[PDB]
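This report refers to the structure that appears directly beneath it.
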Amino acid sequence: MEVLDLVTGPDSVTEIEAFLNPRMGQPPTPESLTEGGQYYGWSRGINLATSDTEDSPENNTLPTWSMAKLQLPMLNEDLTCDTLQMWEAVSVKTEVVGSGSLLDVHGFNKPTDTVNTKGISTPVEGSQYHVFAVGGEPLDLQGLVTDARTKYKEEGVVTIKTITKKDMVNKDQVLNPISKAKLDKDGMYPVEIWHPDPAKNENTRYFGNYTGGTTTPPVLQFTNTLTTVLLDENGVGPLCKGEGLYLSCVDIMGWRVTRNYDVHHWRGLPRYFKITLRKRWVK
Amino acid sequence: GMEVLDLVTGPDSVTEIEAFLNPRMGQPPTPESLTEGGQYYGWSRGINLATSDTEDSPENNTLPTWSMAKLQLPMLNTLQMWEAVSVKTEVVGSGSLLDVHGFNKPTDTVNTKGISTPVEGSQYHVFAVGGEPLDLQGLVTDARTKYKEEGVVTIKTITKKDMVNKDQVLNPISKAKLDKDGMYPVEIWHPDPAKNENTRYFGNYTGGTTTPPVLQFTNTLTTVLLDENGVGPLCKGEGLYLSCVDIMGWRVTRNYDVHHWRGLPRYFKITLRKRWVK
Amino acid sequence: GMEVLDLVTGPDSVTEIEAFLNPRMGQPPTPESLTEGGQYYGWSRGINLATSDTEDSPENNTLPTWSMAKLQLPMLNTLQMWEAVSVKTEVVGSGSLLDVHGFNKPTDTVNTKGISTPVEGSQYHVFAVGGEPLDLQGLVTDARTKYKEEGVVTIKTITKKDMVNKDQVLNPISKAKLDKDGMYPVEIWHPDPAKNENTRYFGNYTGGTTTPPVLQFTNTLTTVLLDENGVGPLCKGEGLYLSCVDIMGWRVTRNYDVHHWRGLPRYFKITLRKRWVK
Amino acid sequence: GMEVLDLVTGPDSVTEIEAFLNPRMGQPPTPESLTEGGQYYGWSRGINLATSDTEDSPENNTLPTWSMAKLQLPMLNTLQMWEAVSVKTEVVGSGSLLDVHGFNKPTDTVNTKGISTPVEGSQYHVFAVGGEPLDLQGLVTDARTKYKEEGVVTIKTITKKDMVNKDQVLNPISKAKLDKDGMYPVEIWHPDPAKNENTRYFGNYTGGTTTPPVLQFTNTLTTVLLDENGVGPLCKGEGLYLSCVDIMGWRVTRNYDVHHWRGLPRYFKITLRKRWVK
Amino acid sequence: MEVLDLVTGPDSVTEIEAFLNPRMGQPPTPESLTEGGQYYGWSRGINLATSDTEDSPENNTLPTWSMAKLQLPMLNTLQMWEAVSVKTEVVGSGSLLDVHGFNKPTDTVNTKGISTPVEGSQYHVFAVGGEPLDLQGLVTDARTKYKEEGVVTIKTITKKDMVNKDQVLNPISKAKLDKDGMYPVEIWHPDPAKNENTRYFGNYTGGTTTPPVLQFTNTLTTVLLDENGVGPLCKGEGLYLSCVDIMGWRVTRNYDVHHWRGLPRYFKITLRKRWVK
Ligand SMILES: CC(=O)N[C@@H]1[C@@H](O[C@@H]2O[C@H](CO)[C@H](O)[C@H](O[C@]3(C(=O)O)C[C@H](O)[C@@H](NC(C)=O)[C@H]([C@H](O)[C@H](O)CO)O3)[C@H]2O)[C@H](O)[C@@H](CO)O[C@H]1O
Ligand SMILES: CC(=O)N[C@@H]1[C@@H](O[C@@H]2O[C@H](CO)[C@H](O)[C@H](O[C@]3(C(=O)O)C[C@H](O)[C@@H](NC(C)=O)[C@H]([C@H](O)[C@H](O)CO)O3)[C@H]2O)[C@H](O)[C@@H](CO)O[C@H]1O
Ligand SMILES: CC(=O)N[C@@H]1[C@@H](O[C@@H]2O[C@H](CO)[C@H](O)[C@H](O[C@]3(C(=O)O)C[C@H](O)[C@@H](NC(C)=O)[C@H]([C@H](O)[C@H](O)CO)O3)[C@H]2O)[C@H](O)[C@@H](CO)O[C@H]1O
Ligand SMILES: CC(=O)N[C@H]1[C@H]([C@H](O)[C@H](O)CO)O[C@@](O[C@@H]2[C@@H](O)[C@H](O)O[C@H](CO)[C@@H]2O)(C(=O)O)C[C@@H]1O
Ligand SMILES: CC(=O)N[C@H]1[C@H]([C@H](O)[C@H](O)CO)O[C@@](O[C@@H]2[C@@H](O)[C@H](O)O[C@H](CO)[C@@H]2O)(C(=O)O)C[C@@H]1O
C-alpha cells in the first residue's frame, strides 16, 4: 500500500476516546459484592503448584490483555477506486487512572505490625507490568512461558495449545516462531504467555515496561499534558484497516496480601486513550 | 467565548498571582490548641483499620483530601478572558523531615535508642491549574468501604446510592468536581482524563511501606500551561482554580505502630495574560 | 536601582570569585583538639531523643544549620551593579565515605566483625547564590519542640511568641533571612518561594534511615543564574551571598546506636559581570 | 574497504534483515523432552558452588554464554560493501516473569505459603552488531577457577596455559573472538574496547541477589550504528554478526535454595545500505 | 597561555589509547596464586579499628588512585597538544556474574544458595589533563593512623599530624596525583579550586549491600573542551590519565571479611595541535 498526501477539508481530523478496564481474573459479573463482585479489578487468590510437575493455575488467577476495537467512520464508497482514504492514528494521550486508590491502607490486608495485628493494611506492592498499543489491526502476539509444563485450563483462556492444538514444547520457554496469535478478544489472553511480537506489528505501535520483585514499591505518573507520537520514521501512523482501530493494554500494579496464609491478589487499573486521527490518501 | 483570538496588549494586560495551599491530611486547622488536636495539623489522626473483610469504616480525620482554592482575578468585561500561561510551583518544607529527634518509633526498638524514625512510605504529589474546578473520576480499592455520610464527599454523596463493583475500576457514573477544600478523599477521587479540557494537571505516585521520600525544590523551574495549540487554561468568570495534594508518607508512633499521614504545603505563582475571545 | 539596562564593557567588567563553605552539622570549628570535641568537626554531636510526646528538646550541637558567606565584590561607581551570571559548584569529599575501617557499628553484630558501617540515611543538598540574604520560611515537624533560646535562630526568636499549630504547615508570619552562618537549623528554615526574587536556589531531599548516599562531582558543569528575562542576581551594595547545606546521612556508633550527622563542604566559583542600572 | 566513498543508489541498494537470538543460559536446546532436561531450556542448570577457597569447578551447564549469529547478506561484486545503518532490537518475554504460581521458594517460608518467588537478582544485557566477530577481552573474578577443558571456550583454551593473576585485571594477552554460539562464558569474556572498530556494542549490568528485574520493550526505538564520521559497520565478505546476552536474574527452588539463571531471547532488525569503497 | 588557531596539515591530529588497572590494595606482585597474587584486582581483608582512638588501616586494604603519564609526539609561536575528547569504558562487569565461588553464601542457615556477588559502596572517577590531577585532602577521621611508608597521606605532605579541619575543607592539605597506586581515595579528592587544565568526572554510591550498576559501550564520546572551546593543553607533551573504579566488596565465609573489588578502565584520547603564544 502506497501512502500519499494528507486529506484536507471538513472533518478530515477526528479524536476518539475510550477507557479499557483491567482484566485481572475476576470477570465484571456477578456484580454482587458478596458473590465475587468484590474482587472485580483484582485477581482471585493466586493458587500455587503442588509439585515440580503439577502446576495448574486457575483462570481467575491469571491477568489477561485488555483490548477494544473501535469502528471509525466509513471513508470509501467504492473500494475499486485507484486512490482511497484511510484513517491514520497520529498520536495518543494515554493515562492509567486510579493510583490514588492505592493510598487506602485502612483495609483488612496483612497488617504491617504482625505481633499486635496493628500498623496499617499493607498497600499493593510487587511486580508491575504496563503495556499499551494502538494499531490498525489486532496486536500480533508471540507466546513464551516460564514453564512449558504448566497445565493451563483448556477452556476459558487462549493459551499456546489453543493455537497449535498440541502440548507446549521446551522451545516455548524461549522464542518459538510457531507459537503466535493475535489479540482479537478482551480478557482471554494471559499476559504471562502472550507478548507483543516484534517480528510483526508493522501497523501497530506498542510500549511496554516491566518491574519485578515481591515488595517493590509501585510507581506511576499521570498527566493530561503528555502526547505519545504514533508516526513511524517515515512520518506515517497506524493505518486503520476497514476503519478499525485497535487498542490493547495491561496495567498491573502489584499484589495485595491477605491475612489468611499470605494469599496474593493481583491489582490492575484502567487505562484511558484519546487518539487523534487524520485522513490519509493511499494507493 | 469559545473562539480564541489574539493576545491583548497594553497597560495591565499581564498579571501574576501567588498562593499557598496548606495540606488537608485529616486534622482540620482548628482547634488551634497544641494539646486538643492542633498538634496533628499537617498530619492525619491515627489510621484506624478494618475489623473484618466486610467492616471497613475509616474516620474522616484519617483520610487525606484534596486541597483547593478559587482565586479571583482582575475584572475584565468581542470579550477578554484571563489565560493562564505558566506556573512556578514548589512543595515547601522537606527539610522539616530531617527532625529525627522526636518520640516516633525508634530505630533501635530493643533498647529504645537510635533515632526517631523519619517519615517514610507511600507518596503522592498532584497539582492542577485550570479555569474551572478540577473534574474528578471516582475509583476505590473497595466498593464495600463504609465512608461517613457527613464531613466528606464520596461516591455515594454524588450518586445517592451505595458503591457498586464497577467503582473498583472505571465507572463513568462516578464523577464529581473539586469544588471544596478538604472534603474529597484522594483515595477515592482522581483527575478525570476524559474531561479537564480547561485544566492542566500533573501527578505522581510512589507506593510501599518504608520507601524513602524524595523531593526536589527550586525557584528556577517554570511549568508551561499552554496546550498543543498555544492556548492556556481560560478563566471562566475571572476565577482561577488551584488544586493539589502532597503526601510525603507516614510517621509511626511507639504505640501499636499507629501511622499518621504527613502532608506539605504547595506554593503557586501563576502568570496570566488577557486573551481576546469570541 | 530597579531598571536593568545594558551590560558594561571594557577593562575589568567581568570578574570571577571562588569560595568554599564548610558544613555546619552541629560541632563548631573550635575547640580544635581531637580529644576535646574537635574530632566531631564535620559532624553533629550524638542525636538526643525526646523523652515523651510533650518533651522534645534537641541540643544545638545535634542540629545541622545553614552555611552562608557574604563576599565583598570590587567597588563600583547611570549606576552599575554586579550581576551573577553563572556558578560552578561542587560538593567535595564523597570519597572519604569509603572509610569503612573505623569503629562504627559493625555490619556483623553477632561477632562484632565485617566492616565499619558507612554513612547512610537521609540526605539534603541545597545551594543558593543571590544579591541579598536567602529568604527563609519556617516550617517544623512539631510546633511543640522546645528548641534552645540561646545560640540558635528559631521561629520564636523571630516572632517573640511560642510556635502555633500553623507552624507545622505554611504560616506566612514565620519568615527570616539567612544572615548568619551556623545559626539557622535546616529542620526549621526553608527557602521561601514567595520571596527570593534576587536569589537562585536549588535543593533536593532524600529520606529514610539506611538509604545509600549518592553524589556526583565534576569540574565541567556550569549552573546558569540568569532568569527568564536574561538577568542574574544583582548584588546590592556589592555583596554576594552564598548559602548551602550538604547532609550525607548519619554514622552510627557501637554504643546504643548513637547517630551523628555527616556534612561535606561545597565549592562555589561564581562568574559576574557589570550591569548598567537606572 | 579501507577508503569509504559515496552511498550506492538504485534498485536493491537498501536491505533489512531480521533475526532472533535465543538465550544460552546453560541447558542446551536438546534433549527436547520435558522430563529429561528440556524443562530447563531458557535457564541454567542448578548453580554449583566451590567446595573450598582452592576448589571452584563450575559445570558448563551452569554458565551463561554469549549468543551469536552470522547472517549472510545479498551478493555484491571500486567495490561495494554492505553498511549497517541502524538496528531495532528488543528483548522479548518479560511478561512471562509474572508467573508466580509455580513451585519456586515461596514468599512466606515460615508457613510455606504466599506466591512462588519471581525471578530476581543480577541482570546483564549486552548486544552488538558488526561486520566481523565481536572482539573479546578475558577478565575473571578468580584466576584459580577450574573451568572444564571441553565444552566451553575459556582463557586457557586460547593461551594453552593456566590463567595468571593478571587475568583478574586487564591482561592484553587474554583475547578471543566471538565466533561460536553458546560457547564463550559471559563471566570470562567481555567486549574489547581496544578493538571492535567495525562493531557497535551496548551493555549494562545490575548486580545484587534480590534486585527487581527491570525491562522496557517497544517497536518504536531505533539505535543508530553510524560512527562519528557517519559510517556504520562494514560487512566483510557480506557477513553480518549479531551478538547478545540477556540475563534477567535467578529463580530459586525449594531445595537448598538452588539458583537457576533465566535468560530471554533478543530480536534484531538491521537496516543496511550499499556503500562504495576503494 | 594565549591560545591561537588550530594547527593544520600532516600529523596534526593524533589518537592514544591506554588501560589503567585498578589499585585496590594487593600489588601486581607476587604473581603466584598461592602467595597473594590471587588477591590482585582486590584489596586484602579490611581490618577494623580496635577503639575510638586506635584506627590503623593496613596499606593493602586501602584503594588508591590509578594514574599514567603518556608521552605525546615531539612538537617544537609554539605548538601544544590539545586533548579534544575521550572514549572511556570500565571493563569486566560481566565477571561479577561469577556466583559459584566460596564467598559468604546467600542462605547462611544451611550454607547453600549462591556465592554472594560483589555489592556495596561504589566509586567511579576519571580525569584527563595536561598536568597531574590536583588533589584536596579530606578524611572521615583526622585521628586515623595511616602508615608513614608506602602511602601518600596528609602527613606526608604537611610533615605534621592531621588537624580537625582535615575532616572538612582545609586548603593546606593539597597534593598532586604524580604516582600510581599511592594516594588513598578515602583521603584524596579532585580539587575544584585548581585543575584548570584537567577535566574530571566522578560519582559515588554508598551503602553496604547496594547493587552495583555499570553501563559500557564503544559509542560514547566525552568532550573535553571547556566553555571557550579549549581542551586540556599538554605541558611538555605529557598527557595525564587518572581513575578509580570501585565496584563494592566481596564478603568471605570467615567473620564476614570484606575485600574491595576494582575494575580496569580504558581510555582513547583524541588530540590536536594548537598554536599558542
Ligand atoms: C470457595 C472455595 O474453597 N473454592 C475452591 C477453590 O479455591 C479457591 O480458588 C480461587 C482461585 O480460583 C482462590 O484461590 C480462592 O481464594 C479466595 C478467593 O475467593 O479469591 C481468596 C480470598 O482472599 C478469600 N477471601 C476472604 C475474604 O478470605 C476467598 C474466600 O476464602 C472464599 O472465596 C470464601 O468461600 O478465597 C479459593 O478459595 C478451588 O480452586 C476449587 C478447585 O479445587 O475448589 C473450590 O471448592
Ligand atoms: C481519644 C479516643 O480514644 N477516641 C476514640 C477514637 O479513637 C481515636 O480515633 C482517631 C481516628 O479518628 C485516632 O486513631 C486516635 O489515635 C490517636 C490520635 O488522636 O490521632 C493516635 C495518636 O498517635 C495518639 N497520640 C499519642 C501521643 O499517643 C492519640 C492519643 O492516644 C489520644 O488522642 C489521647 O486521647 O490517639 C484514636 O484515639 C475512636 O475512633 C472512637 C470510636 O468511635 O472512640 C473515641 O472515643
Ligand atoms: C559528656 C556528657 O555526658 N555530657 C552530657 C550531655 O550528653 C551529651 O550530649 C550530646 C548532645 O549535646 C551528645 O548526645 C553526647 O553523645 C556523645 C557526643 O559527645 O557526641 C556521642 C558520642 O558518640 C560519644 N563518643 C564516644 C567515643 O563514645 C560521646 C562520649 O560518650 C562523650 O562525649 C564522652 O564524654 O558522647 C552526650 O554525651 C547531655 O546533653 C547533658 C544533659 O543531660 O548532660 C551532659 O553532662
Ligand atoms: C525438580 C528439581 O529438584 N530439580 C533440580 C534437579 C534434580 O534434583 C535432578 O536433576 C534430578 O535428577 O537438579 C538440578 O541440580 C543439578 C545437579 O543435580 C547436578 O548434579 O549438577 C547440575 C549442574 O551440572 C545441577 O546442579 C538440575 O538438574 O539442574 C537442580 C534442579 O533444581
Ligand atoms: C582464603 C582466606 O581465608 N583468605 C583470607 C586470608 C588468609 O586468612 C591468610 O592470608 C592466610 O594466612 O587473610 C586475609 O586477611 C588478612 C590478614 O590475615 C592479615 O593479617 O592482614 C591483612 C591486611 O593487611 C588481611 O586483613 C588476607 O590475606 O587478605 C583475608 C582473606 O580473606
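Chain labels follow the order of the C-alpha cells: the first chain is A, the next B, and so on; residue numbering restarts at 1 in every chain, and ligands are counted from 1 in their shown order.
The contact shell of ligand 5, defined as all polymer residues within 7 Å when only C-alpha atoms and all ligand atoms are used, comprises residues 53 of chain D; 44, 45, 46, 47, 58, 59, 60, 61, 252, 254 and 257 of chain E.
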Output N, CA and C atoms for every residue in that selection, as an mmCIF file, in the first residue's frame.
```
data_model
loop_
_atom_site.group_PDB
_atom_site.id
_atom_site.type_symbol
_atom_site.label_atom_id
_atom_site.label_comp_id
_atom_site.auth_asym_id
_atom_site.auth_seq_id
_atom_site.Cartn_x
_atom_site.Cartn_y
_atom_site.Cartn_z
ATOM 1 N N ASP D 53 38.272 -22.534 49.193
ATOM 2 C CA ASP D 53 38.947 -21.404 48.549
ATOM 3 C C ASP D 53 39.789 -21.807 47.326
ATOM 4 N N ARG E 44 43.252 -6.560 50.233
ATOM 5 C CA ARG E 44 43.336 -7.617 51.227
ATOM 6 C C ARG E 44 42.214 -7.364 52.240
ATOM 7 N N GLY E 45 41.986 -8.320 53.131
ATOM 8 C CA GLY E 45 40.864 -8.244 54.083
ATOM 9 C C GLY E 45 40.874 -6.963 54.905
ATOM 10 N N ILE E 46 39.783 -6.205 54.832
ATOM 11 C CA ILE E 46 39.674 -4.935 55.557
ATOM 12 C C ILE E 46 39.797 -5.167 57.056
ATOM 13 N N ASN E 47 40.706 -4.431 57.697
ATOM 14 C CA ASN E 47 40.940 -4.562 59.132
ATOM 15 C C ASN E 47 40.343 -3.369 59.872
ATOM 16 N N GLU E 58 45.802 -1.097 57.324
ATOM 17 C CA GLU E 58 46.972 -1.548 56.574
ATOM 18 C C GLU E 58 46.916 -1.012 55.146
ATOM 19 N N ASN E 59 48.081 -0.704 54.575
ATOM 20 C CA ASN E 59 48.142 -0.151 53.220
ATOM 21 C C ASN E 59 47.435 -1.003 52.177
ATOM 22 N N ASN E 60 47.551 -2.327 52.295
ATOM 23 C CA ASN E 60 46.963 -3.223 51.297
ATOM 24 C C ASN E 60 45.441 -3.403 51.427
ATOM 25 N N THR E 61 44.831 -2.647 52.344
ATOM 26 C CA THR E 61 43.370 -2.606 52.484
ATOM 27 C C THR E 61 42.772 -1.315 51.911
ATOM 28 N N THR E 252 33.752 -12.791 52.744
ATOM 29 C CA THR E 252 34.153 -14.194 52.905
ATOM 30 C C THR E 252 33.286 -14.953 53.902
ATOM 31 N N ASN E 254 34.489 -16.277 56.508
ATOM 32 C CA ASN E 254 35.212 -16.230 57.790
ATOM 33 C C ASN E 254 35.047 -14.855 58.408
ATOM 34 N N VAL E 257 34.756 -11.135 56.466
ATOM 35 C CA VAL E 257 35.865 -10.295 55.992
ATOM 36 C C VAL E 257 35.512 -9.740 54.606
#
```
Which residues come within 9 Å of residue 83 (chain C), counting only C-alpha atoms, excluding same-chain residues fewer than 4 positions away, as a ChimeraX atom specification?
-> /C:131,231-235,271-275
Please, which residues have at least one atom within 6 Å of an atom of ligand 1, using only C-alpha atoms and all ligand atoms, listed as a PyMOL selection string?
-> (chain A and resi 44-47+58+60-61+258) or (chain B and resi 53)
What residues have any atom no more than 7 Å from ligand 2 when counting only C-alpha atoms and all ligand atoms, and can you list them as number ranges by chain?
-> B: 45-48, 59-62, 253, 255, 258; C: 53
Fewer than 3 positions away in the same chain doesn't count, so skip those; otherwise give me all residues within 10 Å of residue 252 (chain A), counting only C-alpha atoms, as a ChimeraX atom specification.
-> /A:22-24,42,63,126-131,210,218,249,255,266-270 /D:98
Please check which protein, DNA or RNA residues sit within 12 Å of ligand 4, counting only C-alpha atoms and all ligand atoms, and write them as number ranges by chain.
-> A: 51-54; D: 25-28, 34-41, 43-50, 57-63, 102-105, 148, 250-261; E: 100, 113-114
